[PDB]
Amino acid sequence: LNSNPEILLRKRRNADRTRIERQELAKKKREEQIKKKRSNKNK
RNA sequence: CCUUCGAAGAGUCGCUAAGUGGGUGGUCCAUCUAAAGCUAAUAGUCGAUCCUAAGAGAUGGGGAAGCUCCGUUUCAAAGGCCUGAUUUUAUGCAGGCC
């Protein structure tokens with residue numbers, strides 16, 4: 001039926017949720033690093 | 001040749017030791033240095049093959065001089081599977097289930 005062969009890449013699964021999770025993880029890591037940095041002045 | 005030094009085998013000898021100590025002999029003396037070691041002279045289709053039954057019997061462990069025996073899940077690290085942007089001082093696997 002007059003077709004043309006090609007290669008197709010399927011969409012990655014759960015990319016947006018992974019992106020949001022990574023953004024949240026980065027924010028949490030920054031915040032906890034700040035917490036521990038200013039918590040070490042009372043040693 | 002001179003001078004300054006100069007260790008010695010323990011559950012062993014005899015319950016369990018000693019360092020001019022100790023072992024063995026002789027009617028005080030004689031002789032050796034244990035408890036370490038080496039050294040020559042006609043079938044895809046019928047059966048088996050598969051499964052478990054009573055039971056037998058490895059592994060783990062224990063006994064016995066040993067040929068071997070007991071014990072069958074027992075104070076055994078007895079193995080499979082899944083998830084993840086690649087795992088935050090920068091690319092040396094983290095978590096979970098039975």
# chains A, B, ... in the order shown; residues from 1 in each chain; ligands from 1

$ select_by_dssp --residues "chain A" --states "helix (DSSP H, G or I)" --output "MDAnalysis selection string"
chainID A and resid 15:42

$ closest_atom_pairs --of "chain B" --to "chain A" --cutoff "12 Å" --atoms "only C-alpha atoms (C1' of nucleotides)" --output "Markdown table"
| residue | atom | partner | partner_atom | distance |
| --- | --- | --- | --- | --- |
| B:84 | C1' | A:18 | CA | 10.7 |
| B:85 | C1' | A:18 | CA | 6.8 |
| B:88 | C1' | A:29 | CA | 7.5 |
| B:89 | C1' | A:33 | CA | 11.5 |

$ write_last_selection --atoms "C-alpha atoms (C1' of nucleotides)" --output "PDB file, in the first residue's frame"
ATOM      1  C1'   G B  84      15.654   2.753  39.249  1.00  0.00           C
ATOM      2  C1'   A B  85      16.954   9.536  34.221  1.00  0.00           C
ATOM      3  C1'   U B  88      24.686  15.037  44.559  1.00  0.00           C
ATOM      4  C1'   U B  89      31.979  16.794  47.231  1.00  0.00           C
TER       5        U B  89
END

$ residues_around --residues "residue 61 in chain B" --least-positions-apart "2" --cutoff "10 Å" --atoms "only C-alpha atoms (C1' of nucleotides)" --output "ChimeraX atom specification"
/B:71,74,76

$ write_last_selection --atoms "C-alpha atoms (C1' of nucleotides)" --output "PDB file, in the first residue's frame"
ATOM      1  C1'   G B  71      21.106 -37.632  61.504  1.00  0.00           C
ATOM      2  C1'   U B  74      19.285 -29.479  62.010  1.00  0.00           C
ATOM      3  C1'   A B  76      24.386 -23.601  57.749  1.00  0.00           C
TER       4        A B  76
END

$ residues_around --residues "residue 22 in chain B" --least-positions-apart "3" --cutoff "9 Å" --atoms "only C-alpha atoms (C1' of nucleotides)" --output "number ranges by chain"
B: 13, 18-19, 33

$ atom_distance --atom1 "CA of residue 38 in chain A" --atom2 "CA of residue 24 in chain A"
21.3 Å
